[PDB]
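Chains as they are written, first to last, in this note's numbering: chain A, 28 to 99; chain B, 81 to 132. Report on the following structure.
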Amino acid sequence: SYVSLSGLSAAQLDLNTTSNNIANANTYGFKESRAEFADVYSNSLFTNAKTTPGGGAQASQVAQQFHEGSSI
Amino acid sequence: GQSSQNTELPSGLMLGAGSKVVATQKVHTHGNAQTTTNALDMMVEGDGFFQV
């Protein structure tokens, strides 16, 4: 359930970031953002990796893509 | 036991003294396997004993 709840948060972060870009479709000088995620796996000395699944999805960074925009 | 000269006791009057438990047999048939995630617990699949 925690891995699924990690996926919902990761999918919600992407949706929030995309909504922010669309909301700022008109503001001058705005630079869009891209959400980047990373996996999770942590196995103890007492845990047998061969029988273990992963830890979910971890958000790595929300960038700040700085490519040139159109000019009005 | 011999009766007469040719006839022998087919069954004798023998009275039992009861019953008792003479031994306790440890039946070393293999048990089932529990699937765990711990890496420090092992199992002998077949004959063998761990040493301590």
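Note that CB positions come from ideal geometry on N, CA and C, so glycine has one too.
- Taking a C-beta cut-off of 7 Å against chain A, the contacting residues of the stretch 110-125 of chain B are 117, 118, 119, 120, listed in chain order.
- Under the rule that a run must span 3 or more residues, the beta strand (DSSP E) segments found entirely inside the stretch 47-73 of chain A read 62-67.
- When 84(A), 59(A), 40(A) are compared, the shortest CA-CA separation from residue 91(A) is found for 59(A).
- Note on residue 38(A): under 16 other CB atoms within 10 angstroms of its CB, so exposed under the neighbour-count rule.
- In the structure shown, residue 43(A) falls within a helical segment according to DSSP collapsed to helix, strand and coil.
- Identification of chain B residues near residue 48(A) by a Cβ-Cβ cut-off of 7 Å yields none; the smallest Cβ-Cβ distance measures about 42 Å.
- Here residue 84(A) is buried: its Cβ has 16 or more other Cβ atoms, across all protein chains shown, within 10 Å.
- Taking a contact to require three or more Cβ pairs closer than 8 Å, the stretch 60-78 of chain A and the stretch 87-105 of chain B do not qualify as touching.
- Following the DSSP letters along the chain, one finds residue 83(A) inside the beta strand (DSSP E) bounded by residues 83-89.
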